[PDB]
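Heads up: the protein sequence lines correspond to chains A and B, in order. Under full-length UniProt numbering, think of the first position of the first sequence as 90, with each following residue one higher. Under full-length UniProt numbering, think of the first position of the second sequence as 4, with each following residue one higher. By construction, the Cβ of each residue, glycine as well, lies at the ideal position given by its N, Cα and C atoms. Remarks on the structure that follows.
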Amino acid sequence: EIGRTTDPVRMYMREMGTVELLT
Amino acid sequence: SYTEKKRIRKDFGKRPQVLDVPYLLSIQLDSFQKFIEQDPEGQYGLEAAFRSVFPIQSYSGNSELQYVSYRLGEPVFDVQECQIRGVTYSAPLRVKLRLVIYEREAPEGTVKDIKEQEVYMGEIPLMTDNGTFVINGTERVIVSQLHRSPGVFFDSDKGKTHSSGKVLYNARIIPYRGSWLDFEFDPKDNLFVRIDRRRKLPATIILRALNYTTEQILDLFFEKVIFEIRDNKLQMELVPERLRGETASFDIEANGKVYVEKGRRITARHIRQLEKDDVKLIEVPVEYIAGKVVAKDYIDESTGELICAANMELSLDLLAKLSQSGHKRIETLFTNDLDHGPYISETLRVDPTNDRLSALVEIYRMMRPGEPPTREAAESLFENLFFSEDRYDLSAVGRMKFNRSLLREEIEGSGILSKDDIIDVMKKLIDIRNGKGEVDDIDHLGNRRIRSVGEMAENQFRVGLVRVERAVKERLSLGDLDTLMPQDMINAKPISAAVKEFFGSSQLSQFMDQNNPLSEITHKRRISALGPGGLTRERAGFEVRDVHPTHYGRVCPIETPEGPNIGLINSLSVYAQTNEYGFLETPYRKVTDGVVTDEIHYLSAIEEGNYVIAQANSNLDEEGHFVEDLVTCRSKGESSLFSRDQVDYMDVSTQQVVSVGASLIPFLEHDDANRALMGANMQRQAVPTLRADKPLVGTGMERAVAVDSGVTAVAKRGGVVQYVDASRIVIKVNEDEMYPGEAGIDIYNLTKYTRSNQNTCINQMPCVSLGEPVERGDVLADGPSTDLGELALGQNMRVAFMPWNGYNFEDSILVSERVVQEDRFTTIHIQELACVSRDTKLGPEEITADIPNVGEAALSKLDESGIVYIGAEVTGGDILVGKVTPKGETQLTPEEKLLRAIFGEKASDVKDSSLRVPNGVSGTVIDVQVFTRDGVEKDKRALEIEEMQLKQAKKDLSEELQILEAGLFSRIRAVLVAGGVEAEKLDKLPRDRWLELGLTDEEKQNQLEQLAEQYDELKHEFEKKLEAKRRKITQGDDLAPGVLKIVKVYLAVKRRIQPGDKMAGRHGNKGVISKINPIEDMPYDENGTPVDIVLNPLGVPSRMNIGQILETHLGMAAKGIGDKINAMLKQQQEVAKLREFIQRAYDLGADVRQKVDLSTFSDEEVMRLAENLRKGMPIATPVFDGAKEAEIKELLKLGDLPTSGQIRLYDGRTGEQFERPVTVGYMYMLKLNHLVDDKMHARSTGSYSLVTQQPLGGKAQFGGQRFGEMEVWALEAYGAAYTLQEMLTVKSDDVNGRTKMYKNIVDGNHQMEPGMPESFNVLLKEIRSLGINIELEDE
RNA sequence: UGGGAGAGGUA
């Protein structure tokens, strides 16, 4: 969820986990 | 005994000892034994740490690594070699592993490749024979730790919500490792949960995460009052034992009898009525259930809709719907106001989650917030938190305490938690909130276990093992299979790095105190509340720093530091042990039917809280029972009077409470505890002096401390002494203790003038003579501060208690000049200076006597090779070793070009950077050690040191071969006289040629030739030992990267006492020497003997240490007995007179337990005993078992001295007489290590700090005294504005001001011109570098 | 040279 974090690598992992993986 | 027949201490204790004082270093040695030892199944240490991680599968399962067995190789160096070379004393860890490959192309392809090679997993530092570790050449001690035990502890607070002043009960589950779990309460009576002290969730979230619905939660946490509705009037099956004192909501009814009326509260007589009628069903009005909460999920069975779920307050329309729906039997929960609280109901109402998945994503949202929670991620996190052994453990001590506190029965169990455990903790906390039960004692010694050195190093080994197990599992996942050895995938870096990090720089790996043997033994028996997992020093309250009543016999109450470390550092008592779980236990004698037996039970901290235990100061007779009826005891914390038959146990000794160092104080029971604490502290700071001197007043614990410290040399096998030296003792063993395959010759190499950690002197002086017979367990060499096997930290001083002209004003001490003449408190202080030759990138340095631009006077002390001679008395500002450094070319002038043309010194500008002795330091040179790296040819001086060490080692190996061939030729003589009878023909011929004699070929001839070739291979292994020793002392050292050679120089100073040196007795009477008075100025009695020390009498009746005065009187008596024995010996009376008088002095006490009888003593032993007693008879006095004043006065009457203790002294100077009698006797004074040679410092100008430009801090680097904030306030209160500006600017960080002040003072003009201090410009630049424009605004 | 930790101690 947007909001309750301050770890930058956790926010980056959350950002990269939305685009799907190619075949 | 043999070391005790030479001087016997008179014992004044009246009670027997049924249990001797144990080995004082069993805690450290036993903990490291359990770590390092090989056990099959009772998992301890390295085998447990190997089984905790092995085996390991792959990422798939196609291969795995099995552990077979481990072993430990021999150490490369002995302990003295590591202490010389500056390397740790360790051992190689060699462990057999098994690597199998699972053929995944097969269904179960078990055997494909079986590898079993020897793997080397780092190093572990071993513990020596005294309990210490040698880490990087220095000697350390791993202090034991006292942390909270794993388990559950139901504590509470004391009024933290001051809006009500309520109590808020809370549980806490502590694992050994893993996430903590804490249940608690609020002011609104709701159960909550914190995991790892994070944000509060409602406590049914963990229950719904445990796959429990609301219904099963209510069945687990409540009971059912059952309601049945019949013809639209309500009835309730009531158990009568649910109504206590509250009023009735209605006039209750039975079949035909009225019992409790409306508005009438129900009594216990009414409880007896409703149990004597045995009614079952009771009708009830409508409004009585308006307030109850339904506990059962109910659905309309006709249609299929939810009419009411669990935990909702039912209403009038809801009960009408329940009557009309067909569910004519409702189950509601039974609540109450007093005991059965509605806690779980209110938490289920507060509880926002509704099922397992929503509770799991709530737990995931709490634990790893700011992430998208998924089903399997939340599930795997919640499993790995508590219910997975690889990330959570209780280690069976937590399981023992868990089942103990939950009132269970089974001890062992699962290491992980479970659902029954969590609901049992919640049920117990709810019982505490009810009122049945009690909170735990948090500072108990049953809640605090001991985590010793073996357990701590086992845990650090496990941490390194998982840190390498992760990487080797990763490598086994993806690597090749046929050629994959275990060796190239096992890396010894993380395990060795973790265990070396722990042993070198943990918070519990302490540099050992080595002032006297008592210092080291008290360090090795120490208990620390701080460290990893324990407390912290700044945020500990008064409750952890107090003497809990369970410290009786386990932890000393009068030995601890007196600073900010006071309750947090403790000391183990004398008889204290540990469990197998780590709880402290102390021995007691079990009494049976009044008969106090000699059976010994070690009771732990909680077991003794049930029984009545007698005091050790209770009287016994005929090995029977108590002499009185109303006997004192202690039980359940408190201590009160009890009957003589009720008692369950007795203390094993009178010194069971106090520690080691607190049980060396004579007359401790007459001391105030604030001064006894300081005396026990200050005994550990006493430097060892030149000649050891036993206390005339002691305890008898001195021989135990001196033997058990390992600082002496005890005899391993008894026998007779063949050869004594200043540095060697050679003992011929008795043939009974001799083994049938040896010679029977033990060698003791005494360590001479070795430096201690506190720079004091350590040397072993031999206390035996030539041809003296010894036994197994007697002292052969007195250590640093021991005397004939008794601990001797100071000297016995003739002490007078009187004020002397203000020279003992406020804890000051006046000392005669005879104490300085006779060199009594003169100590030796050995100091090591080093010189490292490093590889500068401009050129390698060299150590040669060729030093530029210095005078040839200083070159006389050096040799021709550049090192100082052994024996040269150096002073401050002198040179010890000449090391020059290449400065650098950096210019091409014709002068240096002609220089490098004529000579070839191609770095003819060199900067002399020789090691010089620091200023104020003096003394001779007693030892020079030169280490070198490989490849570099060393020096002539290093060759000479090498040749000397080679000759010494060769002489030792030659004596070893001589005694071994002596034992082997004794064995061939034994088998020759067993075979035949040849006595004269073997000894008429020399012993070395005992091989060419022969006879007919038989079994004895075969044995003769086989022991011949055994002697040949003995010679073979002898020259192999020679070659190994030679290559070991000829191989270059494994020095640090960047150095070439290291020269270490050892100095030795003798420091006589002087004004300003600190001195103390044993009862917390410290003092500073103020003057050294001549013998013609000291006061004297009418025999003309002046007093050695004049103490102040006004220090006694405020501090209440009367053991000072009693030790003075008993020392006066003991010295009087020694004076009479010395008079008889000087007159050379007889042996009968000496035997009679010494016997009369020995059997003198009231009903004492010591029975010495000189009738068995032969006359040479009586003369030897009188010679050792001619300086005063030593007297034992156990703590809380002392000598009375009647026995002190009896000994004073024997010694022909005054009974009241006081003689008439005369003035030293005027010759007149002091108007009152003065207490004169013999106290035992110590010389503490706070010497004015180390405290005295002064500085006019020196170096400055780099950033702040202020003078340095420290005597080591010639610093300035810190004029702090409070002194700035004091000058501001005076008004000294110019003195304050002088302090702040020109004696400090103002550069132009301080240069101008120096040259103005030398110019004779005392005037300053001050400016801005450079720390203010540092401050301006730092506030500017914070992006904030600060500037001095000009006007 | 000279900085930072950790440990112990003195008043």
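query	result
Collapsed DSSP secondary structure at residue 447 of chain B in the structure displayed	coil
Proximity of residue 3 of chain B and residue 1169 of chain B at Cβ, strictly below 8 Å	Outside the shown range of chain B, which is 4 to 1342, sits residue 3 of chain B, and nothing can be said about it.
Terminal residues of the alpha helix (DSSP H) in which residue 351 of chain B lies	346 to 353
Residues that DSSP places opposite residue 654 of chain B in a beta bridge	B/591
Given 8 Å, three or more beta-carbon pairs between the segment 677 to 686 of chain B and the segment 1065 to 1083 of chain B	yes
Check whether residue 1155 of chain B and residue 16 of chain B have beta carbons under 8 Å apart	yes
Inter-residue spacing [alpha-carbon to alpha-carbon] between residue 638 of chain B and residue 459 of chain B	35 Å
Euclidean distance between Cα positions of residue 945 of chain B and residue 141 of chain B	24 Å
For residue 866 of chain B: DSSP bridge partner residues	For residue 866 of chain B, which the question treats as bridged, DSSP gives no partner whatsoever.
Same chain, Cβ closer than 7 Å to residue 1420 of chain B, five either side skipped, listed in chain order	This structure leaves residue 1420 of chain B out entirely; chain B is present only between 4 and 1342.
Local conformation of residue 158 of chain B per DSSP, three classes	strand
Amino acids of chain A, ordered along the chain, whose beta-carbon sits closer than 7 Å to that of residue 374 of chain B	99, 103
Unbroken alpha helix (DSSP H) run spanning residue 473 of chain B, endpoints	456 to 481
Under the three-state DSSP convention, the category residue 1189 of chain B falls into	coil
Whole-angstrom C-beta distance between residue 917 of chain B and residue 886 of chain B, which should lie under 8 Å	5 Å
Counterpart residues of residue 150 of chain B in DSSP-defined beta bridges	B/452
Cβ neighbour criterion (16 or more within 10 Å) applied to residue 581 of chain B	buried
Closest by C-alpha distance to residue 32 of chain B, when choosing among B/1053, B/1179, B/457	B/457
Cβ neighbour criterion (16 or more within 10 Å) applied to residue 1286 of chain B	exposed
Status (buried if at least 16 other CB within 10 Å, exposed otherwise) for residue 1116 of chain B	buried
Alpha helix (DSSP H) runs wholly inside the segment 385 to 453 of chain B, at least 4 long, in chain order	400 to 408, 422 to 437
CA-to-CA distance, residue 831 of chain B to residue 1305 of chain B, given in whole angstroms	40 Å
Residue nearest to residue 1039 of chain B in terms of C-alpha spacing, selected from B/996, B/956, B/949, B/969	B/949
Buried or exposed (CB count within 10 angstroms, at least 16 for buried), residue 412 of chain B	exposed
Three-state class that DSSP yields for residue 91 of chain A in the structure shown	coil
C-beta atoms of residue 864 of chain B and residue 881 of chain B nearer than 8 Å	yes
Below-8 Å beta-carbon distance, residue 90 of chain A vs any chain B residue	yes
Cβ neighbours of residue 1044 of chain B in the same chain (closer than 6 Å, five flanking residues each side left out)	none
Min CB distance residue 94 of chain A to chain B below 8 Å	yes
Where residue 101 of chain A falls, given that 16 or more other Cβ within 10 Å makes a residue buried	exposed
Three-state secondary structure (DSSP) of residue 371 of chain B	coil
Boundaries (first-last residue) of the alpha helix (DSSP H) holding residue 930 of chain B	Residue 930 of chain B -> not in any alpha helix (DSSP H); beta strand (DSSP E) instead, spanning 927 to 935.
Nearest to residue 856 of chain B (by Cα), restricted to the options B/911, B/1270, B/598, B/513	B/911
Meets three-Cβ-pair contact criterion under 8 Å: the segment 57 to 76 of chain B and the segment 916 to 935 of chain B	no
Outcome for residue 1244 of chain B when other beta-carbon atoms lying within 10 angstroms are tallied against a minimum of 16	exposed
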